[PDB]
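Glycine gets a Cβ as well: all are built from the backbone with ideal geometry, and neighbour counts include every protein chain shown. No lab work stands behind these numbers, since they all come straight from the coordinates.
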Amino acid sequence: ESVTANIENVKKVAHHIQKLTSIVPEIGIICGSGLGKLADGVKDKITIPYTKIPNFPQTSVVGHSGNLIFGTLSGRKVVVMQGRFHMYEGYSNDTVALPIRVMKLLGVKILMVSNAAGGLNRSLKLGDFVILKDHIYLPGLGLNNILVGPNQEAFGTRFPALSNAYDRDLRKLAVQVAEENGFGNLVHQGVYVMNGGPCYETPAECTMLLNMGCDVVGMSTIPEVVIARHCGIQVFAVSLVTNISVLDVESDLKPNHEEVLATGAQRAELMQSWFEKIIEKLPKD
Amino acid sequence: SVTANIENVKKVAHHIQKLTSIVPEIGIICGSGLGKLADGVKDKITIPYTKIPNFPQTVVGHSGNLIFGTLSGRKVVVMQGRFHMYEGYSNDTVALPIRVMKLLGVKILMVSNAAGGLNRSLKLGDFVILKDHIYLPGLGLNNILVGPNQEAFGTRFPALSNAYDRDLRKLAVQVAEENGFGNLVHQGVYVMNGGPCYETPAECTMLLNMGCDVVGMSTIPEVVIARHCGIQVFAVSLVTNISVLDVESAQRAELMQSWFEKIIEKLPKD
Amino acid sequence: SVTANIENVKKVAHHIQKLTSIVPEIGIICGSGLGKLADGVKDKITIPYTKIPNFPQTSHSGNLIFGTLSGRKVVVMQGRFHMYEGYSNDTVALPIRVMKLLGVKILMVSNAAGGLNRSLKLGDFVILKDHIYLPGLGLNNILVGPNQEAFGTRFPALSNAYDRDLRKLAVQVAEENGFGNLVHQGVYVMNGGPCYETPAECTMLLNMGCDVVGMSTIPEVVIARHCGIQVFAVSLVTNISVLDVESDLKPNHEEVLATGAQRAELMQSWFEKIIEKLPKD
Ligand SMILES: O=P(O)(O)O[C@H]1O[C@H](CO)[C@@H](O)[C@H]1O
Ligand SMILES: O=P(O)(O)O[C@H]1O[C@H](CO)[C@@H](O)[C@H]1O
Ligand SMILES: O=P(O)(O)O[C@H]1O[C@H](CO)[C@@H](O)[C@H]1O
């Protein structure tokens, strides 16, 4: 279970991190599969390997520790999680919750998150951006909600509302920023459903998910968003459609993480630009 | 906690039987903000969970109580302090109290909860008698019964036919109508959201389209255990919120306690 | 329980290889009341799970049965591992990965399922052509945890999980042997169980596009697919799902077993005739 994402352990982590950077992040960023470029476009960046943060959850790419990247992006102080924690890997809820709660204590007000997702909605094209305006947390509706277990009152209430989980204003900004910069056509809003994974969704599953009103499906993001909303961090989340969900069993096309990565590699640049440009126009600061 | 097997349950029940001579025929579980009923129990014996060895324990200030006594002439055991899965309680922990009830002699379990209203015909404060449920966690491999079956209590694969006893439902409705609040009472399908997050509009829309009428984070697990060991079940949701479907878009507590008393009043007796 | 990693799976496969010379190319898993196939295995060696170190235990003890079925080398799991029993992912995964290491190329699985699809009759066979892994979607996918690279990829696709050629072959065999009318193809949804499905659940599952519902199969199929074993799977419809909450009709396990046992011989025949027509090099 790693370390309990309670106030004491989170504070310890936050304070260790604070000793390692003068950057007080206003904006937290989680990069999805193949969506790292943004990470590297951080200016005046301090890079802190997860291995170098005591009690911070560990995730390697393959042997390599993920990184916490502090710096600025469009003149805003950010912390970027380079390497997220997917539940299908077996990570505990505390493992996934901790980094977000650390972000909260560090000063993060807005969490921006990307993921690679399958396009269920038939109108989606590979490489489309689907801003999450809502989600369906299949694991959470089951008994696998990241918040299951004693509530950490320090961070939030027992029964978080997920009413405006995907801040409608952030979404409006994101869309406008896409519109103004010539790629509004790539931008949709929709419902992301979490498949715990790690299997890609069968055609029957995709068909069911689509009929449930899901637009994109992936294996991440919702738990982080839940933790985020729980502790009052505003969320903006986008899915890169990295595969068009196959709805027919009588089909050649088979999802594969490689093509997901390829699609991510191809759209990483535009998504980075989009993110930098959204960040530039974030209010309150 | 401790496996809700016949031996561990037998022990907790035997302890309790040393603490009271009330043999309940009716078990009552009150939901969120309900349970203004535990007050109206006559000649009650309040037994704090803390006092019972191996009994699951509730949650600052308000520790749990097993309230024994009489309601509308009938012997009851009320659970003041309910155990929700989102709290991280084990299957055994949630099953044990229900099986203890069984050993203590409970024949009918009456359950109330606070639920979100999915069905668009529902209004705040409506009562939705459960006539069926969708056990999302159960289908998704978090069925309270997962693990070695405790054969002493019930069969490996319990059917959930008539799980919400139709006769009890008929009676509950008749009593509501006879008491001038029949118009508040609906019947419908309760779906369990493991929680503890409230349901997103997308989730509610999906739940509605799944044929769900109300959603909450309790009840089904207890009901499963009750049905498993042959306890008849009556269960009702107080609609305490009307679910929002699109992102782009005390009074009752005592009425319910009254309703329960009046139902119990009319419950058949051997 | 031991991790279904390559080391543990090898150890088991080797210990089994010390007890039998039969290199199985076909793995068979029998469902509720359907183990009549285990009897038809010729030149057979029966290896109680108990006789296998670190092999999952289930019950009399379960058996790995090695031998010949329609001239093809098979290994049959007499006694499978159901998640509703409390078994770990590793417990379910390991036997399938052991089969992989023993040389299994095709996994044929049966199960007893509730018939959701309203055109299904009791005792029908519904060949699985796809599945809805409700536990899987809900974060109880058997593969959750470190990926075992020796066996498979981190994110297995499940597109042709129910090998369409095996399905075609299964249907032709049924058709030519007089019981094609018994045979359907459909979507199996896993109810984690062990409760039978409520009428509202059944109604929901049906509307989700599910034809049959059971509490097994998907996890082994997923592990099989993950390690590149080809899968054929069939639900025996051992009960017609009750969608009506006012109905007196209800599932009864004794009836489920009876219905399965009644059909086991035909199913055995079918599996044998399928295996007989499997292409061989
Ligand atoms: O969600 P992200 O991290 O982007 O990654 C997604 O893509 C991967 C498989 O394609 C899974 O990890 C899924 O969750
Ligand atoms: O179901 P009861 O016990 O009514 O409580 C319900 O209300 C709480 C949330 O408002 C959750 O615990 C939910 O299950
Ligand atoms: O799937 P098989 O193994 O056939 O068995 C099924 O039959 C039982 C339910 O009747 C459960 O065990 C279910 O999994």
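Report, in listed order, any pair from A:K133/B:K123; A:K125/C:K129; B:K44/B:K266; A:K125/A:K254 with a Cα-Cα distance greater than 18 Å.
Distance filter (> 18 Å) returns A:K133/B:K123; A:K125/C:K129; B:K44/B:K266.
I'd like the GluC sites (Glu not before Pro) in the range A:178-285 restricted to DSSP loop residues with at most 13 other Cβ atoms within 10 Å, sorted by number.
Answer in residue order: A:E250.
Can you give the convex hull volume per residue for the Cα atoms of the range C:94-217, as a whole number of Å³?
Hull volume normalised by residue count: 127 Å³.
With the radius of gyration and the Kirkwood radius both derived from the Cα set of the protein assembly as shown, what is their ratio Rg to Rh?
0.98
Please compute the modelled spin-label separation between A:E259 and B:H62, points set 7 Å along Cα→Cβ, answer in nm with one decimal.
Reported label-point gap for B:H62 and A:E259 is 5.4 nm.
If the cut-off is 16 Å between C-alpha atoms, which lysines fall inside it for A:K281, apart from same-chain ones fewer than 8 positions away?
Correct list for A:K281: A:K77, A:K109, A:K172.
Averaged across the residues of A:207-218, what count of C-beta atoms belonging to other chains lies within 10 Å of each residue's C-beta?
Mean partner-chain Cβ count within 10 Å for A:207-218: 4.
Which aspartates and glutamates, if any, have their Cα less than 17 Å from the Cα of C:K42, not counting same-chain residues under 8 positions apart?
Within reach: C:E25, C:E265, C:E272, C:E276.
Take every DSSP beta bridge whose two residues both sit in the protein assembly as shown, then give the antiparallel share in percent to the nearest 5.
Antiparallel: roughly 35 percent of the beta bridges in the protein assembly as shown.
Would you please give the FRET efficiency between A:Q18 and A:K277, computed as 1/(1 + (r/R0)^6) with r the Cβ-Cβ distance and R0 = 35 Å, to the nearest 0.05?
The pair A:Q18/A:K277 has a calculated efficiency of 0.75.
I want to make sure I understand the PRE zone here: with the label point 7 angstrom from the Cα of C:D43 toward its beta carbon, which residues in the range C:66-100 have backbone N atoms less than 19 Å away?
Zone members listed by number: C:66-77.
Estimate the FRET efficiency between C:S70 and B:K36 by the formula 1/(1 + (r/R0)^6), using the beta-carbon distance for r and 56 Å for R0, to the nearest 0.05.
0.20
Helix-only mean residue ellipticity at 222 nm, chain B, DSSP H runs n ≥ 4 weighted -39,500 (n - 2.57), per residue, nearest 500. What is it?
So the helix-based figure for chain B works out to -8500 deg cm²/dmol.
Give me the orientation-averaged projected area of the Cα convex hull of the range B:1-58, in nm², one decimal.
The directionally averaged projection comes out at 4.8 nm².
Sequence gap at least 6, Cα distance under 8 Å: using those rules, report the relative contact order of chain A to the nearest whole percent.
This gives 26 percent for chain A.
Post the alpha-carbon centroid distance, the range A:1-38 to the range B:28-56, in whole angstrom.
If we compute the Cα centre of each part, the gap is 44 Å.
Shielding by partners for C:157-167, please: the mean number of other protein chain Cβ atoms within 10 Å of each residue's Cβ.
Taking the mean over all residues of the peptide, I get 5.
I need the P(r) histogram for the range B:184-270: all alpha carbon pairs, bin width 10 Å from 0 out to the longest distance, whole percents.
Taking every Cα pair in the range B:184-270, the percentages come to 14, 38, 34, 12, 2, 0.
So if I restrict to the alpha-carbon atoms in chain B, what is the Rg, and what is Dmax, the biggest pairwise distance, in Å?
Final numbers for Rg and Dmax: 17.5, 58 Å.
Cα centroids of the range A:111-143 and the range C:156-233: how far apart, whole angstrom?
With the range A:111-143 and the range C:156-233 each reduced to a Cα centre, they are spaced 27 Å.
Starting from the Cα gyration tensor of the range A:27-70, take the square roots of the eigenvalues, sort them a ≥ b ≥ c, and report rounded, prolate or oblate (rounded when a/c is under 1.5, otherwise prolate if a/b is larger than b/c, else oblate).
oblate
What is the order of A:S245, B:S21, fewest Cβ neighbours within 10 Å to most?
B:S21, A:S245
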